[PDB]
Structure formats: structure tokens, C-alpha cells
Amino acid sequence: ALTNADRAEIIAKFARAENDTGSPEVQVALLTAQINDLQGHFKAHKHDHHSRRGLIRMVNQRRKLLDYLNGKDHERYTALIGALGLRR
RNA sequence: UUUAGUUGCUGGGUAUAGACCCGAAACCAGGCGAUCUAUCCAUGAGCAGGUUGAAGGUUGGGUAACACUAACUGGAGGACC
């Protein structure tokens, strides 16, 4: 699991301003980190359906935020997906 | 109570022997055969040419990741002509 230091590092790397925590870039970066971290857990425990539900919710939330960011500003969307290595 | 036998030689008959001659399918004893053939053991040899394309492998699409999927390789078989 990620800790406070890792989350603070992600927030500092992707913030758009001082004390910025709610921007779509920060939110998508945090969700991507959490999903990538949970991949390892779901490798070991194949039948944790109850936790896989929360994982699916995280994926859906990230997709919605990415769509909103693409609608608002295309350049920021491309920059963010390039930075995090997301295919779309 | 019957009062001529016996020993030779020749002949007829019978008995034991193969017993007038030829003829079985068999049964028993001891030896000879696996240079044919049946199975096995050891050591060698042989199978023109042409098809089909199993497992496995690599790469590419696809997903939150699995899944799924295409192409190329690969050369299996009491496999095919």
C-alpha cells in the first residue's frame, strides 16, 4: 500500500498550484498509483471480489476524470496521459 | 470182478511254441532332428519420391490487468499417396 510520503510526492509532482489537491491531474495520478499498487494484491488473491469492486470503482472514476479533462483542455489531457503512460 | 501189454518205426488228430502264407490302425523302450517352420536372445543391415501440418516457440492486436485473438515459425504420427 502507498503511504503518506508517496501520496505527497505524487501530489507535489502533479500539482497545478500551491495547496492543489483537487485538480484532475492530481486525482488521476493518485488513482493510477493506487491501481498499479493493487495489481500485485490481486495477483496473490484471485478471489477477492469484494475488493475488486473498489478497484473497478477507481478505474471508472479515473476514466470519468480523464473524459472531463479532455473536454475542457486537450493539451493538458495529452500531457497527463503521456506523463502517466496511459494508452487512453 | 473185462482176463495182453510194452518199446521202437511210419502215418492221422490235439496241445505249447509265429505254427499254412501275406496284411493293419495301434502300444512300449532307447536314440536323431529348430539348416523348414513357431516364439525368444545377441549382433549387423534396409525402407525411391511426394503430401498433411500436432505439441512447443516468437511477434502483433486487446484489456485497469487477466482473458481473448492473428501471422510467422516448428516438424508429431502403430498419419496419407
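Hydrogens, waters and symmetry mates play no part in the numbers below; they use all other heavy atoms, side chains included. Order of the sequence lines sets the chain letters (A, B, ...), proteins ahead of strands, with each chain counted from 1.
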Please write out each protein N/O paired with an N/O of nucleotides 60-64 of chain B under 3.5 Å, distance rounded to 0.1 Å.
| from | atom 1 | to | atom 2 | distance (Å) |
| --- | --- | --- | --- | --- |
| B:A64 | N3 | A:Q39 | NE2 | 2.9 |

Would you list the protein and nucleotides 66-68 of chain B atom pairs, both N or O, that sit under 3.5 Å from each other?
none

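Annotation: B:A48 and B:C68 have their P atoms spaced 43 Å apart (nearest Å). To the nearest whole angstrom, the two P atoms, one in B:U69 and one in B:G46, are 48 Å apart. B:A54 and B:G77 are spaced 9 Å apart, taking the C1' atom of each and rounding to whole Å. One P atom belongs to B:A71, the other to B:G50, and the distance between them is 28 Å to the nearest Å. Rounded to whole Å, the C1' atom of B:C47 lies 34 Å from the corresponding atom of B:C72. Nucleotides B:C28 and B:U10, compared at atom P, are 49 Å apart to the nearest Å. With both ends at atom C1', the span from B:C80 to B:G75 equals 16 Å, rounded to whole Å. Across B:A64 and B:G56, the matching P atoms stand 28 Å from one another, rounded to whole Å.
In this structure, a donor-acceptor pair under 3.5 Å is present between the side chains of A:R7 and A:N4.
Contacts of A:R63 classified as side-chain hydrogen bond (donor to acceptor under 3.5 Å, both in side chains), with partners at least two apart in sequence or in another chain: A:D67. Every residue two or more places apart in sequence or in another chain that forms a side chain to side chain contact (heavy atoms under 4.5 Å, CB included) with A:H49 is listed here: A:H47, A:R52. Partners of A:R76 by side chain to side chain contact (heavy atoms under 4.5 Å, CB included), not counting sequence neighbours, listed by chain and number: A:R16, A:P24, A:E25, A:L69, A:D73. A:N19 pairs by the side-chain hydrogen bond (donor to acceptor under 3.5 Å, both in side chains) definition with nothing, not counting sequence neighbours. Take A:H45 and apply the side chain to side chain contact (heavy atoms under 4.5 Å, CB included) test, not counting sequence neighbours, and it matches A:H41, A:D48.
Judged by ring centres under 5.5 angstrom and plane angles under 30°, B:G23 does not stack onto its neighbour B:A24. Stacking annotation: B:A29 and B:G30 stacked (six-membered ring centroids under 5.5 angstrom, interplanar angle under 30°). Judged by ring centres closer than 5.5 Å and planes tilted by less than 30°, the bases of B:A38 and B:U39 are stacked on each other.
Summarising the geometry, the separation between CG on A:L31 and P on B:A65 is reported as 15 Å, rounded to the nearest angstrom.
Sugar conformation, B:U35: south. The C1'-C2'-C3'-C4' torsion carries a negative sign. Judged by the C1'-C2'-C3'-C4' torsion, which is positive here, the sugar of B:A67 sits on the north, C3'-endo side.
Pairing status of B:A79 against B:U58: not a Watson-Crick or G-U wobble pair with both distances under 3.5 Å. Geometry at B:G75 and B:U52 does not meet the Watson-Crick or G-U wobble definition with both required distances under 3.5 Å.
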Would you be so kind as to tabulate the donor-acceptor pairs closer than 3.5 Å made by side chains of residues 26-37 of chain A, with sequence neighbours excluded?
| from | atom 1 | to | atom 2 | distance (Å) |
| --- | --- | --- | --- | --- |
| A:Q27 | NE2 | A:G22 | O | 2.7 |
| A:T32 | OG1 | A:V28 | O | 2.9 |
| A:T32 | OG1 | A:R62 | NH1 | 3.0 |
| A:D37 | OD2 | A:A1 | N | 3.4 |

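The hydrophobic cluster of A:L2 has no other members, since no ILVMFWY side-chain heavy atom comes under 4.5 Å of it.
A:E75 and A:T78 make their closest contact through O-OG1, 2.9 Å (heavy atoms, listed as atom of the first residue, atom of the second, distance).
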